[PDB]
Every structure is written in C-alpha cells, then in structure tokens.
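Given as structure tokens, the chain that follows is alone and in the form deposited in one PDB entry.
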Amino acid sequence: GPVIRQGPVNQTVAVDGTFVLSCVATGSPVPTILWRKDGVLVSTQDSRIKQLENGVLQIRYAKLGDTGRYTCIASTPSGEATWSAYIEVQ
C-alpha cells in the first residue's frame, strides 16, 4: 500500500536551466510513479522532458511555460498516492 516518503518540492528555477522533480515512494509491489503538470499527464515525448531512474522527472532548457503545479502519482494494484509542489520559472 503505497506511501510517498519524499514528494516533489517548491522551487524557483532559471530560464534555460535543468531542474528535476523527484518522488521517493515505498510500497509493495514497487510503486510506479507518474507525473501530471497542471492536471495533465506530462509528455516525456517532448525531448526536454525526461523520466529518469529512482522516480525523477527532469526538464532541460527550462521555459516560462514550465511554471505550474507538478503532481507525483505513485501507484500499485492496491492503491495510489499523491504529492504535489509548485515550480516557478523566471
């Protein structure tokens, strides 16, 4: 039954920088993590945005439009957990 030990955090980032959100999750079985930004499922497809190991989401060449509410979802057949944080790009 999944539980988020450390969720993403509030940050101010510079434009053109690289930042991450991380979501450390425990449970059984190992909880898969997803990312939503402003209620919508983040597109790893856009090649700035990278789902890396140990539940990290990374965003390179930061843009003003990356400001928003990023949410971590940790999921198991049992259930899911939520933890969100706010990113401000300037």
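Position 1 is the first residue in the sequence shown; the rest follow in order. Whichever C-alpha set is largest while still superposing within 1.5 Å between the two forms counts as the rigid core.
- For the pair 27-35 and 55-63, the mean Cα B-factor is higher in 27-35.
- As listed in the deposited structure, the average C-alpha B-factor of 15-23 and of 76-84 is greater for 76-84.
We do not show the form deposited in another entry, though everything after this point is about it.
- Fit the rigid core and compare the CA positions between the shown form and the other one: of 67, 11, 22, 76, just 76 moves by 2 angstroms or more.
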